[PDB]
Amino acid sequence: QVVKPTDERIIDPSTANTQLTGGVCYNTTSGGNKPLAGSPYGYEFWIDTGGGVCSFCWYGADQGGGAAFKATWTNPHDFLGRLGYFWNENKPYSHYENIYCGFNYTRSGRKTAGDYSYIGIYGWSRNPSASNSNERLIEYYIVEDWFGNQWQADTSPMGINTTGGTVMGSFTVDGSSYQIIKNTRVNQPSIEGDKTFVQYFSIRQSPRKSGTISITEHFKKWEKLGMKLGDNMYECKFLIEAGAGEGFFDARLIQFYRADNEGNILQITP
């Protein structure tokens, strides 16, 4: 049985709404994961073949829960900015115990991030022993929010017409139903070069800009639906992805922590 941690070092996301200052900003691609000094986290700045003018600023180890960042973009071609745990040490998700993320941010409004966009938790995992060769590499998303577009409101959850693929199931956690979707990307770019791989999505049905994500609950449910993650988790990071547009994301809080089933903290920042 999993008990929610109540440790005093956990910041209440609801009222973590003071603007942060004093970022250190990066304006070009990071060439994969790059560590942050004085921090357990790594960041990544990624864009597709370019348009440019994005910035990604970390708010440092001693404020905003330690993983807070701000991003801006101006007509990017699929900008991804992310910060959080980097692993890639041949361990399954369950090796990291119960993972949580407390967040609070502001962002630009509807239709400032193109036709598609994602905010939430993101990473990859490898499962080389999967019988289906398409499932040996996994890209995953827990989507708390997005920017909508001309056709659909940012207050309405994205669906398979944005993600592609198939609704596999659903469950309720952290105050909302999530729709679970599996998609196959066919000869597309990945962390292992151009190939076929699968994407797993949990789409929050009631989008939000602050709260707590019970990350491991999503991993457990995907696996219950036959969406296996395998034995080499790559990373687990908070993401802003903007397909295009011109806008910003500005976190007052991003706090990862890990706890055992009894709720004792194994890892937390700051």
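In this text, residue numbers run from 1 along the sequence as written.
Higher average CA B factor in the deposited record is what I'm after, so tell me if that's 212 to 220 or 30 to 38.
Looking at the record's C-alpha B-factors, the answer is 30 to 38.
Do the CA atoms of 138 to 146 or those of 183 to 191 have the higher mean B-factor in the entry?
183 to 191 has the higher mean C-alpha B-factor.
Select one of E241, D62, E44, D231: the residue whose C-alpha shows the highest B-factor in the crystal structure entry.
Answer, based on the entry's C-alpha B-factors: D62.
From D154, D174, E89, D78, residue of greatest CA B-factor
The C-alpha B-factor peaks, among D154, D174, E89, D78, at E89.
Just say lowest, middle or highest third for the CA B-factor of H95 relative to the other modelled residues in its chain.
Within its chain, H95 is a highest-third residue by C-alpha B-factor, going by the deposited values.
According to the PDB entry, is the CA B factor of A68 in the bottom, middle or top third of its chain, that is, lowest, middle or highest?
CA B-factor rank for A68: lowest third.
Using the B-factors in the PDB entry, rank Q199's C-alpha atom against the chain and give the third, lowest, middle or highest.
For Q199, the deposited C-alpha B-factor lands in the lowest third.
Among the chain's modelled residues, which third holds the C-alpha B-factor of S117?
According to the entry, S117 has a C-alpha B-factor in the chain's lowest third.
Taking the entry's C-alpha B-factors for this chain, is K111 in the lowest, middle or highest third?
It falls in the top third of the chain.
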